[PDB]
Amino acid sequence: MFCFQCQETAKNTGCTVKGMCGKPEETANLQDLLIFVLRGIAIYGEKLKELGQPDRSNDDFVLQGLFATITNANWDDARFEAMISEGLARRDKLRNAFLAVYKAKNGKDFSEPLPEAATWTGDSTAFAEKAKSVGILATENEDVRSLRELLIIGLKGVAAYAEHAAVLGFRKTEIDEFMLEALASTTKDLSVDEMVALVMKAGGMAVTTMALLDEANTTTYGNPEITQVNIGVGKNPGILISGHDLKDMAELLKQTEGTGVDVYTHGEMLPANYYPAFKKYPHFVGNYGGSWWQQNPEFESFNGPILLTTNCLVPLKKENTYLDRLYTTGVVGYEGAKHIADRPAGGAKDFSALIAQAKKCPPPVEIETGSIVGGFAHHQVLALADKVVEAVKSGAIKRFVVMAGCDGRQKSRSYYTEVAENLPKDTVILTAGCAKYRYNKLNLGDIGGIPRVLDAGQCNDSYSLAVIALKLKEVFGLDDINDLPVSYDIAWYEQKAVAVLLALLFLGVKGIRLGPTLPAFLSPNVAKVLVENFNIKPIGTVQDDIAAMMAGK
Ligand code: SF4
C-alpha cells in the first residue's frame with residue numbers, strides 16, 4: 001500500500017505495509033480507488049461547467065467520498081466498495097450527459113484522449129486489483145506527486161468542513177465547483193506554477209468554507225460563549241457523542257430529552273458545550289475523557305453507547321468490549337458497528353436504538369473530576385476586545401501563542417504540553433481543535449480575568465482565531481497581520497489541519513511552526529517554496545522555541 005496523508009505516517013515517509021493508524025492494505029487501496037473514481041467524476045463535471053451546463057447532482061457524494069478517506073474516518077471496506085460502485089454509475093451519467101452536450105455544441109462526437117479515471121470500469125470483484133495501480137505511487141515525479149497530493153489532502157479537509165455546512169443547509173457553488181477543478185487537475189500535466197496556484201486557491205477555498213461552517217454553526221446554534229464544562233460524571237446511563245457534527249448533537253439532545261439517558265461529549269464535540277442552543281438541556285452533563293487517541297480505554301469505561309459523527313474513530317483493541325454499543329453515522333464506518341443512516345431531506349436521524357441500549361448500561365466510570373473553560377470564539381472574544389486590548393497595552397498580556405490544531409499519539413507531542421507549562425505567565429494561549437487536549441487541563445489561571453487558555457472550539461473554529469487576528473490588526477493600525485504580538489505553534493495530524501494551515505497561508509500568516517514533524521508529502525523543492533514564501537518552520541526545543549516566539553521569531 002502507500003499512504004502518507006497524516007502526521008503519523010511511518011518513518012515520516014509513508015505507510016507501505018499497514019498504516020500506523022491501523023488501516024490495512026485492502027482498505028488503503030480501496031480509498032485510492034475511490035479517489036480515482038472521484039477524479040473521473042470531476043473530469044466530466046468540470047467539462048459540463050465549461051460548456052455552460054453545470055451538473056451539481058454529485059456535490060454531496062463528492063464531499064462525502066473525500067471525507068470518508070480522511071484519517072480515522074471509515075474502516076468498512078464494504079462502504080468503500082459501495083461508494084466506488086455508486087461513483088462509477090454517477091460518473092457514467094455525467095459522461096453520457098457530456099457526450100450529448102459536446103456533440104450539440106461542436107457538431108461531432110467527442111474523441112479527445114481522456115485519463116483512465118474517466119473511462120475505466122469493473123464490478124466489485126475487479127476493485128482490489130485495480131486499486132493497486134491507481135494510488136499515489138502512479139505519479140513518479142516527486143514535485144508533481146507532492147503538489148497533487150498536497151492539493152488533494154487540503155481538499156479533503158475543505159470537503160469535511162463543507163459537508164458539515166451542507167448538513168446545516170449552507171452551500172456555495174464555488175466550493176463544489178472547486179472540488180471538481182482540483183480533482184480533475186490531478187489528471188493533467190500542469191506547470192509547477194499552475195500546481196502551486198491550485199494549492200493556494202485551495203487555501204482560499206478553505207477560508208470560504210471555514211467561514212461558511214462558522215456561519216452555519218453559529219446561525220443554527222448561537223455564538224459560543226464562556227462556559228464551564230464538567231468533566232466529572234453523573235449517575236445516569238449516558239450516550240457519548242464524538243467527532244464534530246453539531247446537527248447530530250442537536251438531534252441526539254432532542255431525542256434523549258426526558259428519557260433518563262444523559263448526553264456527554266467527547267473529543268471534538270467538547271465545543272458543543274459552548275453553544276447556547278445546547279446549554280439549555282439539563283441532561284447534557286459535560287465532556288468525558290481526553291483526546292481522540294485515548295479513546296480505547298475511555299470508550300470502554302464510559303459504559304454507555306458511543307456515537308462517532310466523524311473521525312477520529314480508532315480500531316478497537318482486542319480486549320475492548322464496546323463494539324456492541326459502538327454506533328457510526330455520517331461518513332464513519334466500522335465493521336461490526338451499527339450505522340445510523342443519513343437523515344432524509346427535512347427529516348432527522350433516528351437514535352432510538354442508542355437510547356434503548358443506554359438504559360441497559362451502567363453509568364460512566366469517573367476517570368477525572370473538575371472542569372474545562374471554553375467558548376472564546378470570535379463573537380465572544382470581540383465582545384471582550386476592549387479588555388483584551390487594554391491588557392495588551394498595559395503589558396498584562398505580552399503575547400498570544402496560537403496552539404490550535406490536531407493532536408496525536410506520538411511521544412514527541414509532550415512538546416506542546418511543555419510549551420504551555422513553560423510559557424511566561426503574561427502570555428495567553430489561543431486554541432481550537434483537539435490539539436487543546438495537550439494543555440486544557442492544566443492550572444494556568446487567568447490574567448485580569450482573561451483565562452490563559454482561550455478555547456475557540458473545534459479545529460474549524462481556527463476560523464475564529466483568524467477573525468480575531470484580523471480584528472486586532474485593524475485595532476492596532478498595522479499594515480501586516482504578522483506584526484501583531486502573536487506567535488503560531490500549530491500541531492497537525494490529519495487533512496482538516498492541513499486545510500487550516502492552507503487557509504492561514506492564504507491569509508498571509510508567515511513564520512508558523514508546524515509539528516511535531518513536517519508532512520511527508522512535501523518534496524524538497526515544495527518544502528523550499530513554502531519556506532521561501534511563508535517561512536514555515538519545524539519545532540525545536542521547548543526552551544528554544546519559547547525564547548524565539550517571545551522575540552517575535
Ligand atoms: S492515514 Fe496516516 S497512519 Fe494511516 S495509513 Fe495514511 S499516513 Fe499512515
Side-chain angles (χ1 to χ4, degrees), residues 1-3 5-6 15 17-38 60-90 122-132 134-135 156 159-160 163-164 167 240-245 248 266-268 292-293 295-296 299 305-318 320-343 349-351 353-354 357 494-496:
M1 60 172 276
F2 191 82
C3 183
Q5 58 166 185
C6 85
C15 298
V17 167
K18 186 178 182 194
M20 300 301 294
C21 60
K23 184 167 57 173
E25 173 96 16
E26 290 75 17
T27 305
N29 290 351
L30 284 171
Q31 293 183 4
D32 288 333
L33 185 58
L34 177 57
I35 297 166
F36 173 79
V37 172
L38 293 177
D60 208 45
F61 176 86
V62 171
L63 300 182
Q64 287 177 10
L66 286 170
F67 198 169
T69 70
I70 285 182
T71 305
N72 300 326
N74 192 325
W75 304 91
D76 185 349
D77 290 355
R79 292 276 296 280
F80 289 106
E81 293 182 359
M83 287 185 275
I84 294 160
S85 289
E86 180 178 341
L88 289 168
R90 290 173 172 268
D123 64 6
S124 58
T125 73
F127 293 177
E129 182 71 12
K130 184 60 170 178
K132 294 174 200 191
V134 301
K156 286 175 202 208
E163 176 55 14
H164 293 299
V167 155
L240 186 62
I241 189 171
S242 190
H244 299 70
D245 193 280
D248 293 345
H266 173 267
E268 280 271 78
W292 62 266
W293 59 269
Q295 69 185 238
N296 297 122
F299 288 175
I306 311 98
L307 177 63
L308 272 286
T309 69
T310 64
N311 64 316
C312 288
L313 170 57
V314 319
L316 273 66
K317 300 298 188 187
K318 296 290 182 162
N320 290 154
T321 66
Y322 58 86
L323 184 56
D324 73 323
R325 52 179 165 100
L326 179 59
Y327 295 76
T328 61
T329 191
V331 308
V332 183
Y334 188 88
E335 179 167 61
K338 291 173 271 187
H339 187 72
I340 302 298
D342 292 350
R343 63 184 64 76
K349 295 183 180 178
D350 184 355
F351 293 124
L354 289 80
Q357 182 169 219
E494 49 87 3
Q495 303 77 46
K496 275 175 269 158

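Computed over heavy atoms, backbone and side chain alike; hydrogens, waters and symmetry mates excluded. Numbers here simply count residues along the sequence, with the first being 1.
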In sequence, state the C-alpha distance, the side-chain angles, and the governing distance for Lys130 and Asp32, and then conclude on salt bridge (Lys or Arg N to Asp or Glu O under 4.0 Å).
CA-CA 10 Å; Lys130 184 60 170 178; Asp32 288 333; over 6 Å; no
Distance col, row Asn74:CG vs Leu30:CG, nearest 0.5 angstrom, shows 10.5 Å
Donor-acceptor check, side chain of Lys338 to backbone of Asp324, threshold 3.5 angstrom: yes or no?
yes
With the side chain counted from C-beta on, respond yes when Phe351 and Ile340 share a heavy-atom pair under 4.5 Å apart, and no when they do not.
yes
So, the side chain of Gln295 versus the backbone of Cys312: is there a donor-acceptor pair under 3.5 Å, distance only?
yes
Check whether any side-chain N or O of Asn29 sits under 3.5 Å from a backbone N or O of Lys132 as a donor-acceptor pair, and report yes or no.
no
Here's a test for you: under side-chain contact (heavy atoms from CB on, under 4.5 Å), which of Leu326, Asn320, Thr321 qualifies with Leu323?
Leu326
Counting distance only, does the side-chain N/O of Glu268 pair as donor-acceptor with the main-chain N or O of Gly243 below 3.5 Å?
no
Mind checking the NE2-NZ spacing from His244 to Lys496? Nearest 0.5 Å is all I need.
3.5 Å
Using every non-hydrogen atom in the two residues, find where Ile70 and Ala160 come nearest and quote the distance to one decimal.
CD1-CB, 3.9 Å
Heavy-atom closest pair (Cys21 atom, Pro315 atom, distance to 0.1 Å) is O-CD, 3.5 Å
Under 4.5 Å between any side-chain heavy atoms of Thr310 and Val331, yes or no?
no
Kindly indicate whether the side chain of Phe127, heavy atoms from C-beta on, has any atom under 4.5 Å from the side chain of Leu88.
yes
Would you say that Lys156 contacts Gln5 through its side chain, given a criterion of any heavy-atom pair below 4.5 Å between the two side chains?
yes
Using modelled atom types and a 3.5 Å cut-off, is there a donor and acceptor pairing between side-chain atoms of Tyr334 and backbone atoms of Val314?
no
Which heavy-atom pair separates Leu34 from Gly65 by the least distance, and what is that distance?
CD2-O, 3.7 Å
SB check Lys349 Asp245 (cutoff 4.0 Å):
no
Checking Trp292 side chain against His266 main chain: does a donor-acceptor pair fall under 3.5 Å?
no
Candidate pair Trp75 and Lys23, rule side-chain contact (heavy atoms from CB on, under 4.5 Å), full reasoning:
CA-CA 7 Å; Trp75 304 91; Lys23 184 167 57 173; 4.0 Å; yes
Between atom SG of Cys15 and atom CE of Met20, what is the distance when rounded to the nearest 0.5 Å?
6.5 Å
Is the shortest heavy-atom distance from the side chain of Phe67 to the side chain of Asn311 under 4.5 Å?
yes
Please examine the side chains of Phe299 and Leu308, heavy atoms only from C-beta on, and report whether any two atoms are closer than 4.5 Å.
yes
Can you find a pair of side-chain heavy atoms, one from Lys18 and one from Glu25, that are under 4.5 Å apart?
no
Starting at CD1 of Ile306, measure out to OG1 of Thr328 and round the result to the nearest 0.5 Å.
12.0 Å
Would you say the side-chain atoms of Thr309 pair up with the backbone N or O of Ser242, donor to acceptor, closer than 3.5 Å?
yes
Check whether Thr69 reaches the backbone of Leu66 with its side chain - one donor and one acceptor, N or O, closer than 3.5 Å.
yes
Does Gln495 reach the main-chain N or O of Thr71 with its side chain, forming a donor-acceptor pair under 3.5 Å?
yes
Heavy-atom closest pair, residues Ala68 and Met83:
CB-CE, 3.8 Å
Would you list the pairs meeting salt bridge (charged side-chain N to carboxylate O under 4.0 Å, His left out) in which at least one residue belongs to residues 70-88, sequence neighbours left out?
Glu86-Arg90
Tell me, please, which residues at least two apart from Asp60 pass side-chain contact (heavy atoms from CB on, under 4.5 Å).
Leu63, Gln64, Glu163, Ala166
Are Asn296 and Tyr322 packed together at the side-chain level, in the sense that at least one heavy-atom pair is separated by less than 4.5 angstrom?
yes
